[PDB]
Amino acid sequence: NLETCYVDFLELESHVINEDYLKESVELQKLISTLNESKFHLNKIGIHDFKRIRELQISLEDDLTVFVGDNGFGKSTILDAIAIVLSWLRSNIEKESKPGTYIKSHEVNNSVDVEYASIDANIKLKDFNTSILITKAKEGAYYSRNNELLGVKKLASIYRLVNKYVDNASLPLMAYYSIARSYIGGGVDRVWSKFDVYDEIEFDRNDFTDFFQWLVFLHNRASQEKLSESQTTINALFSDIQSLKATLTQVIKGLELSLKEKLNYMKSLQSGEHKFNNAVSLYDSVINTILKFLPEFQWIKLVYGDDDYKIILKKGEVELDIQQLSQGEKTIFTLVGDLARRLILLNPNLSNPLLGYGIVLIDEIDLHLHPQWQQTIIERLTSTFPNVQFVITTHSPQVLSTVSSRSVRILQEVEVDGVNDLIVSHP
Amino acid sequence: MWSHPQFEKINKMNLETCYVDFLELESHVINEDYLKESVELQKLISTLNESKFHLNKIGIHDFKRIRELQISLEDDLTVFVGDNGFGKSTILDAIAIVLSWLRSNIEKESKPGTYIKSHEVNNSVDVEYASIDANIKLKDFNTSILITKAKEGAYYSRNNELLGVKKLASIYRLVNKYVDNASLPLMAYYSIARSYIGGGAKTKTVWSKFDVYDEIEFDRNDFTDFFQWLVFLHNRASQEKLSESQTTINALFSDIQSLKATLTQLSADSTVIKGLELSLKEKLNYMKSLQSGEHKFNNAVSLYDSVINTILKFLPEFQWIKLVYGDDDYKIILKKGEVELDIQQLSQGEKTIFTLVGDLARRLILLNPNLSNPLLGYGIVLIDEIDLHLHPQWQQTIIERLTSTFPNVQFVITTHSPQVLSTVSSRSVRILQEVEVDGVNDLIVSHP
Amino acid sequence: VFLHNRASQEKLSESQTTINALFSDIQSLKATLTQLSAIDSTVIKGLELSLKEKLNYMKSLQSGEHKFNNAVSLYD
Ligand SMILES: Nc1ncnc2c1ncn2[C@@H]1O[C@H](COP(=O)(O)OP(=O)(O)OP(=O)(O)O)[C@@H](O)[C@H]1O
Ligand SMILES: Nc1ncnc2c1ncn2[C@@H]1O[C@H](COP(=O)(O)OP(=O)(O)OP(=O)(O)O)[C@@H](O)[C@H]1O
Numbered sequence: 097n098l099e100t101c102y103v104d105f106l107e108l109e110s111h112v113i114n115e116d117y118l119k120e121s122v123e124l125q126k127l128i129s130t131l132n133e134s135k136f137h138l139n140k141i142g143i144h145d146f147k148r149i150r151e152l153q154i155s156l157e158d159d160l161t162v163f164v165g166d167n168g169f170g171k172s173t174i175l176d177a178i179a180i181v182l183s184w185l186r187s188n189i190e191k192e193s194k195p196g197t198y199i200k201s202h203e204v205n206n207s208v209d210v211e212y213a214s215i216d217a218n219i220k221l222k223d224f225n226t227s228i229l230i231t232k233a234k235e236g237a238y239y240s241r242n243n244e245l246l247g248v249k250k251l252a253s254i255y256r257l258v259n260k261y262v263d264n265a266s267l268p269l270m271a272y273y274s275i276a277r278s279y280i281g282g283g284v285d286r287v288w289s290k291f292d293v294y295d296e297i298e299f300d301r302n303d304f305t306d307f308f309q310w311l312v313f314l315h316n317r318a319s320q321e322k323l324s325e326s327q328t329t330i331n332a333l334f335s336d337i338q339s340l341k342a343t344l345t346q347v348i349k350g351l352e353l354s355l356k357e358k359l360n361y362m363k364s365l366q367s368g369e370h371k372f373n374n375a376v377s378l379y380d381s382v383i384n385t386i387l388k389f390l391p392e393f394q395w396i397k398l399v400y401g402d403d404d405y406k407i408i409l410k411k412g413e414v415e416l417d418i419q420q421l422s423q424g425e426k427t428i429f430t431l432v433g434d435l436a437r438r439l440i441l442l443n444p445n446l447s448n449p450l451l452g453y454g455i456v457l458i459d460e461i462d463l464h465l466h467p468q469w470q471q472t473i474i475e476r477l478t479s480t481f482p483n484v485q486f487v488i489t490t491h492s493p494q495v496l497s498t499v500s501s502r503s504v505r506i507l508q509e510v511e512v513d514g515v516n517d518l519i520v521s522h523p
Numbered sequence: 011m012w013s014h015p016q017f018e019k020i021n022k023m024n025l026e027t028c029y030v031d032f033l034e035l036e037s038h039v040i041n042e043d044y045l046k047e048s049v050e051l052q053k054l055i056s057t058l059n060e061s062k063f064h065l066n067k068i069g070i071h072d073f074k075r076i077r078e079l080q081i082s083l084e085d086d087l088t089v090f091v092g093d094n095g096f097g098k099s100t101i102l103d104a105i106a107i108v109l110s111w112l113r114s115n116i117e118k119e120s121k122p123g124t125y126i127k128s129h130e131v132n133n134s135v136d137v138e139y140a141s142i143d144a145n146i147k148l149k150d151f152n153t154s155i156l157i158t159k160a161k162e163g164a165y166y167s168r169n170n171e172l173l174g175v176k177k178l179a180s181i182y183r184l185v186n187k188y189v190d191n192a193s194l195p196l197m198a199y200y201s202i203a204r205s206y207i208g209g210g211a212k213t214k215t216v217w218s219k220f221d222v223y224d225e226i227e228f229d230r231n232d233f234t235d236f237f238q239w240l241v242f243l244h245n246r247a248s249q250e251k252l253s254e255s256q257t258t259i260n261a262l263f264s265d266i267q268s269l270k271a272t273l274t275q276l277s278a279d280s281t282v283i284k285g286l287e288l289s290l291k292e293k294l295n296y297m298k299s300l301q302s303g304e305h306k307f308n309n310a311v312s313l314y315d316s317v318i319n320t321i322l323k324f325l326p327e328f329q330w331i332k333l334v335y336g337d338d339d340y341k342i343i344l345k346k347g348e349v350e351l352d353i354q355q356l357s358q359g360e361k362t363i364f365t366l367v368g369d370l371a372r373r374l375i376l377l378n379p380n381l382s383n384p385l386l387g388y389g390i391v392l393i394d395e396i397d398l399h400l401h402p403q404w405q406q407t408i409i410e411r412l413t414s415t416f417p418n419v420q421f422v423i424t425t426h427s428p429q430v431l432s433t434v435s436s437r438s439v440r441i442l443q444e445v446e447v448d449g450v451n452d453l454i455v456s457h458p
Numbered sequence: 652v653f654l655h656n657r658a659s660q661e662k663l664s665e666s667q668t669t670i671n672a673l674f675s676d677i678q679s680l681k682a683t684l685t686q687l688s689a690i691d692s693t694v695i696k697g698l699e700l701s702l703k704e705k706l707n708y709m710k711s712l713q714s715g716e717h718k719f720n721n722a723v724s725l726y727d
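Residue numbers (this note's numbering), protein chains in the order written: chain Y, 97 to 523; chain Z, 11 to 458; chain A, 652 to 727.
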């Protein structure tokens with residue numbers, strides 16, 4: 097069991113003062129094997145007196161669940177509640193006792209009778225189980241209750257311990273694409289640490305400008321690896337650092353930072369992993385991944401001119417820049433590129449990086465799409481990212497026409513005891 | 011825009027001939043009192059009022075994806091249907107570009123408008139320039155306008171033709187000079203950026219019809235101004251609810267109550283029942299005579315109720331809207347079912363309808379002060395992707411409600427879903443298609 | 652503050668060797684700029700501005716050789 101492995105690793109660490117002895121311990125390797133075998137999953141969540149919802153218990157499937165409903169049926173509230181729960185888990189994982197987002201005053205029900213709001217959730221890791229309760233009382237109400245975070249902190253501890261000894265340890269992906277992805281994130285008119293991608297980046301999506309620099313760096317590394325001719329690249333970077341230091345001897349903080357960057361470049365060149373999933377292979381996989389969703393186009397290239405880089409796409413017989421695409425292809429290009437970027441950054445050890453685990457929440461999947469695209473997007477996403485759990489809300493009947501019976505959830509309003517209540521039913 | 015010696019030509023009733031006749035008359039008489047009573051001014055006013063504003067036809071050459079194309083638009087409603095990448099938005103931007111020069115020349119003459127962006131020219135090798143042209147018909151008066159731009163790197167020049175717009179705008183400025191509350195046409199554009207216009211300083215005290223003419227598009231601060239305008243209307247009603255109107259309220263009701271109780275009482279010169287009835291009749295006659303303007307609390311209470319009921323027409327699930335004055339600040343309270351809701355707590359779909367209808371009502375009221383019912387004003391409205399954040403139940407009735415509420419406004423709408431297409435007449439449907447002709451791909455428009 | 656500090660040099664009656672030292676510093680800055688141009692735009696801009704200021708100060712020293720109103724006279 098996970099608890100048995102954790103206890104064994106703790107005892108071995110306590111007994112083995114030497115770091116090498118702890119690294120060679122069979123308990124740590126077994127724990128890593130159990131963690132890799134386990135798949136992230138969220139079995140259920142209970143909502144009490146949150147927004148319109150008064151009392152609800154929901155169970156989610158492992159692969160995909162889709163909620164269909166009209167306007168005003170609480171589809172967005174479910175997504176907000178799940179993002180609320182995931183916020184505390186992320187904060188605890190990132191650093192010790194990090195405070196998380198709380199329930200706002202206006203979130204509680206407007207009914208006079210209700211006095212407090214509570215959200216409960218349960219997370220299952222293969223055989224392990226954990227739960228978390230977050231609660232906030234109404235304004236001007238006494239007998240305040242305090243949230244319980246022991247279960248989540250016990251999940252964060254095993255991840256921090258596992259990642260402390262192994263620098264290639266994977267992490268679960270937590271992302272939440274709200275409606276805000278359509279304003280300017282879809283548009284383009286506006287060393288990298290893997291820790292910043294997951295822990296230091298919130299679930300909401302705002303700007304994709306970083307994606308461009310990341311692609312530029314990936315292309316530069318791929319070009320250097322493919323063209324070779326680097327010779328002593330580490331020595332060349334060290335000589336550049338020495339030249340910078342000599343110039344400094346012959347703004348000061350920036351120069352020192354640039355010298356440290358040159359030393360980091362020399363160390364990176366000296367390392368030279370040259371793994372099977374090299375830069376050229378990742379570049380090809382990313383481009384072919386995006387091109388899979390846009391059958392009309394032919395190829396995508398990064399053209400360098402005027403001391404800058406620009407993206408060139410070929411459609412039919414006309415080459416277009418990034419800013420000349422329509423809104424529809426802008427949305428898909430932005431969302432898919434952001435999906436792949438986090439998977440690559442979070443899983444640098446797997447041979448095929450598009451196999452990590454995680455949970456994704458998407459709202460209004462049918463924004464700016466014609467029915468022909470709307471009839472094949474779900475299967476495309478499921479095939480592209482197999483080991484990821486998706487939660488999607490939609491109301492277009494075209495989307496519903498291609499979904500299995502067991503994965504749908506229909507919300508209804510029923511008057512019981514003279515009070516309107518929300519119910520969830522399966523076909 | 012010239013005085014001219016009024017060349018006789020042949021007899022006609024064109025609006026332009028009346029404009030020249032008035033200009034010729036003005037150059038001689040100096041007393042403004044005689045000018046304000048001249049028959050020529052009356053003829054010009056009548057001709058301008060009878061004419062109905064509507065665009066006629068449009069053509070596009072080498073602009074964005076479209077290579078060569080010409081469309082004719084209906085006078086009441088037209089809908090464009092197509093998939094992604096067929097230039098549904100391009101047509102709307104072309105119309106906005108053309109209309110901007112007309113907007114600019116009304117505020118002040120010889121003022122530039124919107125040009126063509128350098129990246130909007132077609133990307134083909136053999137292209138050299140792009141052009142957009144359009145025609146506006148005022149019943150029997152025809153104007154045309156051309157906008158063009160040459161591709162960067164070429165060494166051959168092109169110019170714009172702005173005689174028609176300058177001449178047409180001069181008529182509007184001239185009539186506005188001699189009329190206290192002359193109306194103006196309505197022009198608006200609701201792009202795809204309106205989703206977070208409602209989705210997301212020095213206090214204003216003076217309003218004017220030119221405030222809506224600053225920009226042709228709807229975005230950001232316009233929403234804020236709507237809130238500041240709404241509270242201004244509410245206080246205007248409250249001021250008129252007090253004063254002498256309350257005096258007639260007290261006298262007429264009490265006297266009527268005095269009669270009613272006696273009839274109900276049937277207690278026992280015939281007392282003073284006849285005198286009381288005579289006093290009630292005199293009070294009612296005085297109250298009826300005291301009415302002025304719209305005769306229903308002037309035009310303030312009726313305007314506020316008209317706006318509220320117009321908004322409530324699109325949201326049947328709600329009961330009433332009220333403007334509670336919070337101690338810190340004002341706030342608006344709705345009511346859905348048995349619950350009281352705040353505007354920040356509304357769903358995305360209801361927010362979009364709230365902003366769209368409120369903005370249209372504000373613009374129409376501001377531009378048409380003399381009309382008894384301001385909603386009848388003429389103009390042109392452009393809307394993109396009417397099916398945003400709306401479930402199919404609401405998709406089937408939005409079009410007829412929009413047309414019925416504003417009957418004299420020309421609508422141009424682009425859609426994406428077949429639910430709307432189920433409730434549109436064949437006459438007002440245009441379908442975009444892609445056809446490769448002579449080895450070159452091109453776009454066509456086909457009637458159903 | 653700047654005027655008082657400049658008048659301090661006049662009070663000290665510094666000779667032309669100070670101008671030579673400033674010229675040497677300017678030459679060293681120019682060499683550093685040349686090294687920077689080879690294999691930091693803000694640093695280049697700051698170095699260019701400092702070089703221009705040093706050249707202006709050297710021209711002020713030349714005008715001092717040509718003589719001008721003393722900073723002491725302006726101060727009082
Ligand atoms: N505090 C509250 N008390 C009672 N009802 C509320 C409260 N807050 C919101 N509501 C109700 O929630 C309804 C839906 O708003 P909400 O923000 O939950 O959107 P939604 O139904 O989840 O979204 P979507 O239409 O995108 O699916 C509103 O019609 C409103 O009456
Ligand atoms: N300079 C250009 N040269 C060639 N094609 C261009 C150029 N600029 C834009 N396009 C074309 O414009 C198309 C998009 O046009 P547009 O945005 O009007 O269509 P749409 O998808 O119907 O609109 P919307 O989704 O914004 O309502 C792209 O497919 C692109 O090929």
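Even for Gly, the Cβ is constructed at its ideal location relative to N, Cα and C.
Taking a contact to mean a Cβ-Cβ separation below 8 Å, would you say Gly697(A) touches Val347(Y) in this structure? In the third sequence, counting from the first residue as 1, residue 697(A) sits at position 46. In the first sequence, counting from the first residue as 1, residue 347(Y) sits at position 251. A contact, by the Cβ cut-off of 8 Å.
Within 8 Å of any Cβ in chain Y, is that where the Cβ of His305(Z) sits? Sequence index remark: in the second sequence, residue 305(Z) carries index 295 (1-based). At a cut-off of 8 Å between C-beta atoms, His305(Z) does not count as an interface residue with respect to chain Y.
Kindly list, in the order they appear in chain Y, the residues whose Cβ is closer than 9 Å to that of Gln358(Z). In the second sequence, residue 358(Z) corresponds to position 348, counting from 1. Annotation: Cβ neighbours of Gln358(Z) in chain Y (cutoff 9 Å, chain order): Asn167, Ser172, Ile275 and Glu460.
By the three-class DSSP mapping on this structure, what secondary structure does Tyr726(A) have? If you number the third sequence from 1, residue 726(A) lands on position 75. Per DSSP, reduced to three states, the secondary structure at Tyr726(A) is helical.
Environment of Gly368(Y) [buried if 16+ CB atoms lie within 10 Å]: Within the first sequence, residue 368(Y) is the residue found at index 272, counting from 1. By the neighbour-count rule (16 or more Cβ atoms within 10 Å), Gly368(Y) is not buried but exposed.
Closer than 7 Å to a non-hydrogen atom of ligand 1 - does that hold for the CB of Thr161(Y)? If you number the first sequence from 1, residue 161(Y) lands on position 65. Result no, Cβ not under 7 Å from ligand 1.
Is the closest heavy atom of ligand 2 to the C-beta of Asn418(Z) under 7 Å? Position 408 of the second sequence holds residue 418(Z). Every heavy atom of ligand 2 is 7 Å or more from the Cβ of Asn418(Z), so no.
For the beta strand (DSSP E) holding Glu107(Y), just list the boundary residues, first then last. If you number the first sequence from 1, residue 107(Y) lands on position 11. It is not in any beta strand (DSSP E) - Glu107(Y) instead sits in the alpha helix (DSSP H) that spans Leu98 to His111.
Using CA atoms only, rank isn't needed, just tell me which of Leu370(Z), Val317(Z), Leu453(Z) and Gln301(Z) is closest to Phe421(Z). As a first step, residue 421(Z) is located in the second sequence; it is residue number 411 there, counting from the start. Per the Cα distances, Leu370(Z).
Buried or exposed, going by whether 16 or more other CB atoms sit within 10 Å of the CB of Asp380(Y)? Along the first sequence, read from residue 1 onward, the residue named residue 380(Y) stands at position 284. Classification for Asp380(Y): exposed.
CB contact check: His129(Z) to chain Y, cutoff 8 Å: Taking the second sequence and counting its residues from 1, the one referred to as residue 129(Z) is at position 119. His129(Z) belongs to the set of residues whose beta carbon lies under 8 Å from a beta carbon in chain Y.
Chain B residues whose Cβ lies nearer than 7 Å to that of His401(Z): This model lacks chain B altogether, as its protein chains are Y, Z and A.
Assign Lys298(Z) to one of three DSSP states: helix, strand, or coil. The residue you call residue 298(Z) lines up with position 288 of the second sequence. If DSSP states are grouped into helix, strand and coil, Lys298(Z) belongs with the helices.
Contact with chain Y by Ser205(Z), beta-carbon distance below 8 Å: Taking the second sequence and counting its residues from 1, one reaches residue 205(Z) at position 195. Cβ-Cβ to chain Y under 8 Å: yes for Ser205(Z).
I'd like the span of the beta strand (DSSP E) that includes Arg230(Z), first residue to last. Locating residue 230(Z) in the second sequence gives position 220, counting from the first residue. Note, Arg230(Z): premise wrong, no beta strand (DSSP E); not H, not E.
Whose Cβ in chain Z lies nearer than 8 Å to the Cβ of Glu415(Y)? Position 319 of the first sequence, counting from 1, holds the residue named residue 415(Y). Near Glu415(Y) (Cβ distances below 8 Å), the residues of chain Z are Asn133.
Starting from the C-beta of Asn145(Z), find all residues in its chain whose C-beta is less than 6 Å away, skip the five residues before and the five after it, and write them out in chain order. By one-based count along the second sequence, residue 145(Z) stands at place 135. The residues are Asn66, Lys67 and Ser154.
For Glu157(Y), which residues in the same chain have their Cβ closer than 8 Å to its Cβ, ignoring the five residues on either side in sequence? For this step, residue 157(Y) is matched to residue 61 along the first sequence. Contacts found: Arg502 and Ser503.
For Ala198(Z) and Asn206(Y), the rounded distance between their alpha carbons: For the purposes of this step, residue 206(Y) is taken as the residue at position 110 of the first sequence. For the purposes of this step, residue 198(Z) is taken as the residue at position 188 of the second sequence. Distance from the CA atom of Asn206(Y) to the CA atom of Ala198(Z), rounded to whole angstroms, is 38 Å.
Rounded to the nearest angstrom, what separates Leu365(Y) and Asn331(Y) at their Cα positions? Counting from one through the first sequence, the residue named residue 365(Y) turns up at place 269. Counting from one through the first sequence, the residue named residue 331(Y) turns up at place 235. Roughly 9 Å separates the two Cα atoms.
Can the beta-carbon of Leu262(Z) be found less than 8 Å from the beta-carbon of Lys293(Z)? Here residue 262(Z) corresponds to residue number 252 of the second sequence, with the count starting at 1. Here residue 293(Z) corresponds to residue number 283 of the second sequence, with the count starting at 1. A Cβ-Cβ contact shorter than 8 Å links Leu262(Z) with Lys293(Z).
Grab the span of the alpha helix (DSSP H) containing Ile55(Z) for me, first residue to last. Residue numbering aside, residue 55(Z) sits at position 45 when the second sequence is read from its first letter. In the DSSP assignment, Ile55(Z) falls within the alpha helix (DSSP H) that extends over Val49 to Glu60.
With DSSP as the reference, please indicate the residues paired to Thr490(Y) in a beta bridge. Working through the first sequence from its first residue, we reach residue 490(Y) at position 394. Within the DSSP bridge table, the entry for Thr490(Y) names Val164(Y) as partners.
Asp292(Y) - containing alpha helix (DSSP H), residue span: Here residue 292(Y) is taken as the residue at index 196 of the first sequence, counted from 1. Annotation: the continuous alpha helix (DSSP H) that includes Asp292(Y) extends over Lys290 to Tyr294.
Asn451(Z) touches chain Y at which residues, Cβ-Cβ below 9 Å? Against the second sequence, residue 451(Z) aligns to sequence position 441. Per Cβ cutoff of 9 Å: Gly412 and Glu413.
Helix, strand or coil at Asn656(A) [DSSP, three-state]: Within the third sequence, residue 656(A) is the residue found at index 5, counting from 1. DSSP, read as helix, strand or coil, puts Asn656(A) in helix.
Starting from the N-terminal end, write out each residue whose C-beta falls within a distance shorter than 7 Å of any non-hydrogen atom of ligand 2. Listed by chain position, these are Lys411(Y), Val414(Y), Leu416(Y), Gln420(Y), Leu421(Y), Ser422(Y), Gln423(Y), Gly424(Y), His464(Y), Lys74(Z), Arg75(Z), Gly92(Z), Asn94(Z), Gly95(Z), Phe96(Z), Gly97(Z), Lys98(Z), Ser99(Z), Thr100(Z), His129(Z), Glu130(Z), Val131(Z), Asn132(Z), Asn133(Z), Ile202(Z), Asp394(Z), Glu395(Z) and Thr424(Z).
Same chain, Cβ closer than 8 Å to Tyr261(Y), neighbours up to 5 away in sequence not counted: What you label residue 261(Y) is simply residue 165 of the first sequence in a count that begins at 1. Cβ-Cβ distances below 8 Å link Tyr261(Y) to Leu118, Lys119 and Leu124 in the same chain, with the five nearest sequence neighbours on each side left out; the list follows chain order.
Hey, out of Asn380(Z), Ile105(Z), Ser255(Z) and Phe416(Z), whose CA is closest to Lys323(Z)'s CA? The residue you call residue 323(Z) lines up with position 313 of the second sequence. Of the candidates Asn380(Z), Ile105(Z), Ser255(Z) and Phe416(Z), the one whose C-alpha sits nearest the C-alpha of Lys323(Z) is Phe416(Z).
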